[PDB]
């Protein structure tokens, strides 16, 4: 069938075509595979941006700072996007990347509990600093693409140190696509408050046979670039490798 060389060339071209620099790590069982046009990004640290929402949710639910049915009401103040000017649950906010909701959840958790929980889960460099409501957007919290795909691997298999129910609740919030009997769970991310800007799409594919294949795409976001480029390159890569 297809040679490794051909797969590597195809996926690298997906990043080349988007005129950006990026990498996508795929994990099968315990083996990591790095693809893309800037492989060294694999072990470099970047702010997690919205990918942190996955953990924010885990923490909030576990520590009873919210429930999956609770509706977070829009305070009526102007928001970056009109789509965020509404009342939503944690899951709706996850799908809409509604930062205001997760900033409220972070504030409910509190700096002390948050630092302690991030440390406990051993997420990235585990340092949240002194600002409980923006540490995942502008630092000091950072994480590498390898750590992100491993975090996705752990959540997909319920290995994180949270009740099985909590993990299951959050995973249900991450279904973003179904393709040929395959289900794609993932959370996107875009650190716009950092330079250069980082883009993420972390999650996993659940194949019909029940096997789960974690992944983490990480690239540099540039002005005039569509957020859906993260999704397109991820889907093309996954498909080129026969994952979906």
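Residue numbers count along the first chain shown, from 1.
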item: Higher-B stretch (mean Cα B-factor, as the entry records it), 56-64 or 171-179; value: 171-179
item: Higher-scoring stretch by recorded Cα B factor average, 207-215 or 31-39; value: 207-215
item: Peak C-alpha temperature factor (PDB record), options 109, 144, 122, 150; value: 122
item: Within-chain third of residue 26 by Cα B-factor, per the entry; value: lowest
item: Residue 129 - Cα temperature factor, lowest/middle/highest third of chain; value: middle
item: Chain-wide C-alpha B factor ranking for residue 87, given as lowest, middle or highest third; value: lowest
item: Third assignment of residue 198 from its chain's C-alpha B-factors; value: middle
item: Ranked C-alpha temperature factor of residue 191 among modelled chain residues, by third; value: highest
